[PDB]
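> Here is my input, please return the structure:
(one chain, ligands or ions: 3)
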Amino acid sequence: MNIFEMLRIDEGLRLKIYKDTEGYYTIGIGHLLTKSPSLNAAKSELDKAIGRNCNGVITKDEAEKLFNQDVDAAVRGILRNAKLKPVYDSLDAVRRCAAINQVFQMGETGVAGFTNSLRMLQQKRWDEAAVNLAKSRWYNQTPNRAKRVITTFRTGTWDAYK
Ligand SMILES: Oc1cccc(Cl)c1
Ligand SMILES: [Cl-]
Ligand SMILES: [Cl-]
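Numbering: from 1, shown residues only. Ligands and ions are numbered 1, 2, ... in the order given. This is the structure:
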């Protein structure tokens, strides 16, 4: 198991513009296109991102390409954050995959409000962090996925992904 397989499991793969759990235009492997409600805005964004007139549809390779760049950006976004980096570097390899997944899902922004949980994770108080992490809009909005990530951080193993 690795980050790609793990997020591929959590985000699915769609080759046509779709709305995500929050109602926003997205495509491929969880790639957010825009928060605007204008489908035309979304198609534009898509064309800009792919480099061609897509008409709301992309290829698997196109989707995989967007994904790579997105994982990359996420990690990099972590390492660039001063509040984040130190937490991330204190963790082992599995748990680091769980940090990337949350950031990929919510942005470095969404994640900045987890301060308390971040501290517990840095302190390696797993069970405590897991409880703190559940007390959030994120777990209440996408519980099944939040569960798998939380278990991941709690255990340091890939069991929730089987
Ligand atoms: O979202 C998270 C959670 C833990 C560590 C980092 Cl770096 C990010
Ligand atoms: Cl792009
Ligand atoms: Cl879910």
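> remind me, longest strand of the protein?
strand 14-19 (DSSP state E).
> Contacts for that strand, please.
25-28, 33, 39, 42-43, 46, 56-60, 63 (CB atoms under 8 Å, 6 or more residues apart in numbering). The way it works is simple: take the backbone N, C-alpha and C, and place the C-beta from them, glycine included.
> Which ones among these map onto helices?
Of the contacts of strand 14-19, the ones assigned to helices by DSSP state H are 39, 42, 43, 46, 60, 63.
> what would those residues look like in TSV with distance to residue 141?
Shown next, in TSV, are those (distance: CB to CB, whole Å):
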residue	distance to residue 141
39	23
42	22
43	27
46	25
60	28
63	24
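> Of those, which is the most crowded?
If you count neighbours using other CB atoms under 10 Å, the busiest of those is residue 46, which has 26 neighbours.
> show me the contacts for that residue.
Here residue 46 is in contact with 17, 27, 33, 54, 56, 58 (criterion: CB under 8 Å, 6+ apart).
> Now do the third one against ligand 3, distance only.
Right, residue 33. Residue 33 sits 21 Å away from ligand 3, going by CB to the ion, to the nearest Å.
> Can you report how many residues neighbour that residue?
Neighbour tally, residue 33, other CB under 10 Å: 24.
> my guess is it meets residue 39, correct?
No - contact criterion CB atoms under 8 Å: residue 33 and residue 39 do not qualify, at 9.9 Å.
> quick one: common contacting residues for those two?
Joint contacts of residue 33 and residue 39 (CB under 8 Å, 6+ apart) are 17, 25.
> so which of the ones in helices among the contacts of strand 14-19 comes closest to ligand 3?
residue 63 (20.7 Å; CB to the ion).
> Quick check: bridge partners of the nearest residue to that closest one once chain neighbours are set aside?
Among residues not flanking residue 63 along the chain, residue 28 sits closest, at 3.4 Å (CB to CB, 6 or more residues apart in numbering). When bridges are called by DSSP bridges, residue 28 pairs up with residue 14.
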